[PDB]
């Protein structure tokens, strides 16, 4: 069936090849993906960029599929709730573990019992801050998430991945705020598609402007802006 494109792609070609790949079908979102991948450059996608985007998406999907969840967590997931993005093991103010993002919420998967912390639901987020702690030559990137009516801020040392997680969390938060305001779950599904595309864009572009380019897909967060 589908084979990776071998010719340069204008926008309309790109839309068709992404649809054929099965990664996403919504042409409007793929248009934003095109804008993200060509940000700053000429408006065309070459085979190498397409191949890198596809590989990054599939790698993130495979990492997420291989997640090890404690049964206690799995018993309290909603129906059809799944991990779509898994971080590396990181230091946090709740212990060392991997951050797992579902459609609904963020978990930390930890050593021991019960083996997880629910960090926050996208509904209950109050503020998300992307910071870096400095001391002499040391720089510690720190993602901060505050939940409504809860004093303790969650802090994660996500290293070079911190900017991406900051963007993905803000977009999933904004998507849920809008889904709740419109009583339309489709916003959550669109936000999830948006953030997984952002992840693949960042992995593809390999640049300091990559988070700015990837924000072309942060449809719901950009609205709040």
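Residue numbers count along the first chain shown, from 1.
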Of 195 to 203 and 60 to 68, the stretch with the higher mean C-alpha B-factor in the deposited entry is 60 to 68
Split the chain's modelled residues into thirds by Cα B-factor; residue 80 lands in the highest
Among the modelled residues of its chain, the C-alpha B-factor of residue 186 falls in the third labelled highest
So, residue 161's CA B-factor, relative to its chain, sits in which third? The lowest
Residue 118: CA B-factor among chain residues, third -> lowest
Quick tally, chain-level thirds of C-alpha B-factors: residue 214 sits in the middle
